[PDB]
Amino acid sequence: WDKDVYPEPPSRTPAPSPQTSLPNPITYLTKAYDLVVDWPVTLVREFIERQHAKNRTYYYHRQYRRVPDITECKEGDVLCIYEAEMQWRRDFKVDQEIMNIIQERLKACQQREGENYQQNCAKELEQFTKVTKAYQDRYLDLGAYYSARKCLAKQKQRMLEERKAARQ
Amino acid sequence: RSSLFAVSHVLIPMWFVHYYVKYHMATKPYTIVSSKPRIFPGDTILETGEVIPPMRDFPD
Amino acid sequence: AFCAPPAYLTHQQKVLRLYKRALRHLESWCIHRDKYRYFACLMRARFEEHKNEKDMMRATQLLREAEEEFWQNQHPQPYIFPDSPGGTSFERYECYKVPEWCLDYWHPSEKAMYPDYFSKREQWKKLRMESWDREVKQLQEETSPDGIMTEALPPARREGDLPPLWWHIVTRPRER
Amino acid sequence: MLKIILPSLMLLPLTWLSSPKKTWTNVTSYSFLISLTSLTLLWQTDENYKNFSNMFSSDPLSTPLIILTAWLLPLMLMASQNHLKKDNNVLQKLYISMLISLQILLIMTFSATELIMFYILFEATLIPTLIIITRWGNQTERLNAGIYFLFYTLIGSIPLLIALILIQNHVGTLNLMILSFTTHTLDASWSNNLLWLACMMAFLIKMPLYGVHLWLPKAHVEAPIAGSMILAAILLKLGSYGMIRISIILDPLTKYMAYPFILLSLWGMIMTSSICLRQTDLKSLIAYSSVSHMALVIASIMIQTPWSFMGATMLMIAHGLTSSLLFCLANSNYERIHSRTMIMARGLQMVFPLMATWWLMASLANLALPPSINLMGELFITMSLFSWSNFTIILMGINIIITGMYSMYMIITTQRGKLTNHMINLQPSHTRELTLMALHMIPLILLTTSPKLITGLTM
Amino acid sequence: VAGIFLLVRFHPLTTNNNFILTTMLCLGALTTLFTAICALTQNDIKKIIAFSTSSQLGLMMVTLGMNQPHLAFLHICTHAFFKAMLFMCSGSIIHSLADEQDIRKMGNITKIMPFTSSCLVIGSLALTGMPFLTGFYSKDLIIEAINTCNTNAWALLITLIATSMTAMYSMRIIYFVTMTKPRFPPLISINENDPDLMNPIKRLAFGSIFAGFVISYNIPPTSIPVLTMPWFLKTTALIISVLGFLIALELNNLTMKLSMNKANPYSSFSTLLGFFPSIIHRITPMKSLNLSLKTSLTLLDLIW
Amino acid sequence: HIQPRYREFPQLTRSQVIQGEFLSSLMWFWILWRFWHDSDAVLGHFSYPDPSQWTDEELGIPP
Amino acid sequence: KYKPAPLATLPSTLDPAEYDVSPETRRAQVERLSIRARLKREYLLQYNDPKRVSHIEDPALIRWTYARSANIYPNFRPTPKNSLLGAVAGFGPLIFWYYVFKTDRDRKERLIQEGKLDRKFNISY
Amino acid sequence: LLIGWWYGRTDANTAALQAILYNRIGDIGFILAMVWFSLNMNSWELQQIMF
Amino acid sequence: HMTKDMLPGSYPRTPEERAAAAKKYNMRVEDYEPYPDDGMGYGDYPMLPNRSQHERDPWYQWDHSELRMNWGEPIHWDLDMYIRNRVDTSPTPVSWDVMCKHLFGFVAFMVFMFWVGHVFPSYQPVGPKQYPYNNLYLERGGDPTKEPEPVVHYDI
Amino acid sequence: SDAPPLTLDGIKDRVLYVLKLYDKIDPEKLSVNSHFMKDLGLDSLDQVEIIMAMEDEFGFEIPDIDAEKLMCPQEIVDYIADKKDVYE
Amino acid sequence: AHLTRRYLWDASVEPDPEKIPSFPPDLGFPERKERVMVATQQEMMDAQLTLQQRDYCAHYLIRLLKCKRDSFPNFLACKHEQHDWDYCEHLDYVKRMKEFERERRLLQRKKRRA
Amino acid sequence: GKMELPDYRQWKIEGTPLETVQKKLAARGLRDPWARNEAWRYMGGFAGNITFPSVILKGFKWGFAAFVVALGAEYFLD
Ligand SMILES: CCCCCCCCCCCCCCCCCC(=O)OC[C@H](COP(=O)(O)OCCN)OC(=O)CCCCCCCCCCCCCCCCC
Ligand SMILES: CCCCCCCCCCCCCCCCCC(=O)OC[C@H](COP(=O)(O)OCCN)OC(=O)CCCCCCCCCCCCCCCCC
């Protein structure tokens, strides 16, 4: 859990001000819980972490060298097109996960703010709209048989119109 | 009977559930997302030793 | 549920059934017993007013008019006893009314309990493979050769013979 | 793949030189072990696909079909066992060999890379099915049923072959993923429209379109239970696999040369779900159910969206399992009453109180009770077609209603009335058929728990 | 209450659609009236209770349309207590007798079965709106907002007509089941002295008495109500419930007096459900099925 | 446990009557407590001023 | 007065066929009852008969299924109103739905081409 | 399953199927809503849907 | 086992055929009436009253009870819709022509009156509510950097 | 609350009880076999009323076809016993 | 009532609920004061109020929520506060009614000016 | 258990609405042979008229009593 990826803003919790003389069950109930649920489960997780610590193991995040793109890939040579298409699928999946991260970042803010989500949950909504625009420009109307070549055709069918707009 | 049932049908499950929560649901970022606690003037927050000032004179 | 309708109902039966239905709907309409008795006596007077009449044509006409009056003055939500058609218990225990042959497939370790029961069930069969052949002849021989026939059945005229076609009227499940 | 095919080829000698008492047992056990070994295909740690040779290959779309094929085998063995029980040892060994040959050819045609190998196997699937249906059926119209099946299929398959040759000539190969990395757009000319028609009609027949559905109900009603099962589960899927594989090169024609089939599917869906309300034969009812479900698959392949293909695959597998289950359930009764008429036997759930559960769950699935893969497919097909055009939801809802109607009709006219007390021949439920139903259900629970193995190419 | 729970969960989106809120307000009210009417000439306790449930649900849909979701939910929650205790006492009476639900064959329950009679009266009062028995704390606020908001002036009327029919059929239950003479069979094996029957109703009755207090005085104020209005709006629910009770007393004492009951079309309609079932459940099946058979299976598949 | 009765008013235990009487008395005690302490909620606590009883100085209207 | 309908039929009371006393009526009733009783006797000589291991058949049910299933085409004859019902039922609705969907799709496509549409958050299809 | 407890009663089953029918008619609209939200919001959660 | 002489057939065009058909279906040659010849597969199958299975007697101990139908009795071509879990033709005190009219009238009058009450609503004599910060422009979405069209709420 | 089972002597008691309560003919002299027409001279209408009273007494209906044949308390008791399955 | 006075009698000299502030505000008010707000945006936002609820009486509502969260196990200890909030809402309702009557009187002015 | 049946020499029309119905049926010239059956009710534990007050104001006595008790105790405790 990297708090930069997942912000989780801080918590302004106030002081309990018991302006009365009648007790509060919740407090003694929480104490009883701490004593009869937390303590033993904590000890057990400590034991398990002990076994872990004494027989640790490490695993690495696989890196992927960059290969040529479709642009430098001839019109019928498949040894290159395979590499390029695999790379494109890889980046497509990573972009799926990026968008899912943004959405998981927006739901939390909505739930947190509550009735103030229309005023305090705006930069997240803006990031969402932006990444949505990007995902749409990259992958919206490709189809079930999507591929780097169709993405490239989309890019060019967009850029020619943008060029017309630029010149006039 | 009440006590043995309590134990064998609440405690054990409660232990398993506390384990699950504490070590597979709070270790993850956005699994337990509480709303924010109401704060009113005079409620002195504790995470910063702060105190927000009271309101204005009430006409009446 | 025990007999069969005759080829045609007679004027007497028609009038009796009309009287019964009229009284049931009078009960439905009048919730109190005093009112029910009052108007039942009134209705029986209306009926008896035409008991010593014999003109069949005028009788059938009175009946055809009374049935229309009934259809026009009938309660649309009459009282039906629970276990009767339209009642809240009609065909409610048919789920538990399991037949008898369902025990021929039981497993020895199931009839091992209730052993005194299954011994009787056995000799109840011995009482059936013997009492079968003569139940046919009693029908063959008691047949109307003039073609006519209806849904009636005779008893047995002997000491030892049993009513033909009994196994299913006997042996049927409780109502509960 | 060869580690899956060679043992399936060895199941034959085992069958023939096994003693007349242990052949069933041995072949069933080893078929189960084959089903087990087939799970190597699920070790997909990357988005790269498997390629064991120039002749074989596996994908997230062919793996589930293959595993369902290797799983259905021992179930068909167990189900074809009570009948042909008196039949001679040689005859029942013949039956087993037919089943095994179907298994092998279906595995091959799901693991194939070349369209023409796919073709020869998708057309060799006829011999064993025809033989099973004609040599072990009980009626006298099984002959006409085999005629219909065989010839519908071949009439649809010839132009596909011709199109494959035309391609093999224009391009130099029929190999998949090369036909992908080299595909070109087309000219939208009449020759290419007829190429589309040719490539498609074979599969649109093998999975019954509305208008050419007149071979499935026959074949089912007249065929034994193993034939019914395989026909409902996999032979209706060969077309879907073939279209999902051949639609990549026909671009951009299916944007406008697909409307008629979308229409026919969305309408025949209703017009068969309704027959499922007033058919008397339980087997024909379930056949028309299969038709109304394959209509969705067709209409979802036609529109070419990821959600659509996902739903197509999910519903393919789910309907396979559920239809096999329902067919075996009806067979359990047929074996006891020798009549496919539904309203004849009633008031069960009294003497068969457990099989009334299997009857119920197979119905909860067919009517898409969540959480279930039937629904995880129907829902996404509905969403895809709603994006296509919002007016499809009307017909989708009508079909949903009629499904919820006829499923419960099939339930209630068999298990939820009062008994036909005059039925002395209701031999209690066999452990064998209870095990059949359990083996059908449990995998649905597991695939509902882990539906990541069932999405398909896109996901 | 599942659909009402759906709509409260989605209240953040109905707040700005005066076509949804307006078909709610003009539909829910169409049921308060159409079912209570049906609940005035039925003879089965179960059917009466079900029609009353439907009327209350129409009321909750009305208060949803008028933009009072929290009020609708409060009614959902304060309705369960007594609408369960009513079925409870009904089933007690039934299992005591020989499985008969037709009120026309029971009576004197107030004396032959005190416990269920008391609990039934408590439930009926809570349903009518007695000032503090878990009915008030929701129905009073609902019937105040109904007339304090800008609304549809026909719903605003039929809602109250049905709120009166509530007390009407409740008095019917009370009078035909707990006030008249024992027109039930002569054999009597009544027994309601089983804890598994006495304690559940005792519990649900404590609920029906105190739940509205306990909740309304602890929940948060997610909506500002209008405590400013004339007396003829502040007391309308109570007044009209009383008037319904009295009209029912009169029309039920008229059941005596040895005056025959000439059937009428109003009562026939209310009894046969407005014929909605009797006609729809006969045409729609016939069409659907004759089509399924003669057109698709016969004409298209097996023929053409 | 009990003895069925025929065409008569049966024997009545004490629990089933005392409990009903208790529940009813409790309901009426609650009604009375409430109607005493919070009568407003059924009668009113905020009068409805008479329109036109105001003065043109307020709600200013020039002549 | 009660107006009968094909869905709310006429009762037996108001049916003048009932109360008819003609011999051509009572004789027919007696014959019908005789047939019914002969069939019931036949069926009960099989129900209660011991030594029966199997179930009872229903030739009437068999006839009914055979008629509703397989005796259709052998008696089918093309006629007017038959060809027409078939053609309509088969094609009409397909044409209707085709034009519905085509109009909708074309409208959507021209909107998108012009850019006059709002596709906010649509990232799945 | 509960209206139908007495599966010999040929009216409890009619009632059960009636309920099934009407509730499927409601499920039509439920699924319509789910589809609209899944497309126009790429979500099915109250949180996103509240936007 | 059955035979082509026990199974149904084609339209009878002679009494030599009607006799055999009625004696096969187990009816009498008078009550037997075949379906018209509109080329629809019916053939020689009985044409029987379109009455449901509710009309029949519940008190009779039938053979097929749930269907309320005897053993060899000829079966109605449309039994699947009259099996008593379905269409009910049993009569009704009120008559179709009047019940349909009453229901349509109730519904249409109530709809018309909904529209009347919409044209002439009901409300209370007050002004619109007032929220201080420009109808809560910021909280209610708004935009911080920009400014709203300011509005004022006065006393009395 | 389950009601007690029936007995043949109980049904006899109840039937003779209702018939004693009857007034039109029965001079409180009713043996088990007091035929209504022969021994007491009643009408079929009175018989209808008698069967309906039996029904209102026991809690179930007698089909008219089978009630048109009951003319003796013994026949009534026998029909009711056959229906309620008594004397196990 | 206004209902009759509008739907049966002169419907053009009776106000419309959606056009109450139509006329200028100061047509009879010199130096018409403003309605004040003694609750701050932050003081109202940190309390997690609702947008149908953070009106001109949110300060008493804040006191109510405060005295409720406190003394909690003993509800019914928030009556003196509830009364204050109900009173301020009643006075707001009074101001609205007086706006309505103002506009009706101005309609009287317009119909008497000709 | 053996069931008993009370004598039929006590179920009499006298003193009930059955008697008024008999007056009316005599005014019209008729008799009721069954009234003595229905007369098992209308007399005995089933005798008397129950009222809507009778059912609604149940418990009210002790309810009001305890209400006044608690009111006095409240005034005491201030
Ligand atoms: C009961 C049903 C009737 C059964 C009897 C069937 C009778 C057969 C019909 C008679 C023969 C007519 C077809 C003649 C084929 C003409 C050649 C042709 O159409 O091929 C064109 C196209 C390739 O053209 P292209 O690549 O663009 O360039 C030029 C060629 N290098 O390549 C192609 O398009 C291949 C076309 C192959 C023929 C397709 C036939 C129609 C396909 C749709 C229906 C399929 C169902 C069976 C046929 C139904 C009747 C047509
Ligand atoms: C301001 C608004 C006012 C207007 C609002 C309008 C809202 C739309 C209303 C649509 C609902 C009407 C159609 C509902 C069909 C109900 C059919 C049915 O009730 O089936 C049960 C019925 C037996 O029920 P019953 O008559 O009560 O018999 C009880 C005997 N004691 O008989 C049966 O058992 C039949 C079993 C099923 C038969 C097959 C049904 C096929 C499907 C056809 C119905 C669906 C058609 C679409 C309905 C509209 C939705 C698009």
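Numbers in chain K track Swiss-Prot; the residues on display, in order, are 3-116.
Each residue, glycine too, has its Cβ placed from N, Cα and C.
Swiss-Prot annotations:
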DISULFID  K:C59-K:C90  disulfide bond
DISULFID  K:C69-K:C80  disulfide bond
DOMAIN    K:56-98  domain 'CHCH'
MOD_RES   K:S73  phosphoserine
MOTIF     K:59-69  motif 'Cx9C motif 1'
MOTIF     K:80-90  motif 'Cx9C motif 2'
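Projection of Swiss-Prot feature records onto the structure.
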| residue | record | Cβ neighbours (10 Å) |
| --- | --- | --- |
| K:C59 | disulfide bond | 21 |
| K:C69 | disulfide bond | 19 |
| K:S73 | phosphoserine | 18 |
| K:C80 | disulfide bond | 22 |
| K:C90 | disulfide bond | 18 |
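Look at K:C90 (disulfide bond): DSSP puts it in a helix. Under 8 angstroms separates the C-beta of K:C69, K:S73 from a C-beta of chain A, among the recorded positions K:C59, K:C69, K:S73, K:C80, K:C90.
Cβ atoms under 8 Å from those of the domain 'CHCH' (K:56-98) belong to residues 37, 39-41, 45-46, 49 of the same chain, restricted to positions at least 6 beyond its ends. Secondary structure at K:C69 (disulfide bond), as computed by DSSP, is helix. Across the domain 'CHCH' (K:56-98), DSSP classifies residues as 30 helix, 0 strand, 13 coil.
Proximity to chain H, defined as a CB-CB distance below 8 A, holds for none of the recorded positions K:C59, K:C69, K:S73, K:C80, K:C90. For the pair K:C59 (disulfide bond) and K:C80 (disulfide bond), the Cα-Cα distance reads 16 Å. Distance between Cα atoms for K:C69 (disulfide bond) and K:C90 (disulfide bond): 18 Å, as a whole number. For the residue listed as 'phosphoserine' paired with K:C80 (disulfide bond), the C-alpha to C-alpha distance reads 9 Å. A distance below 8 A between C-beta atoms marks none of the recorded positions from K:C59, K:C69, K:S73, K:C80, K:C90 as lying next to chain B. Distance between Cα atoms for K:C80 (disulfide bond) and K:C90 (disulfide bond): 16 Å, as a whole number.
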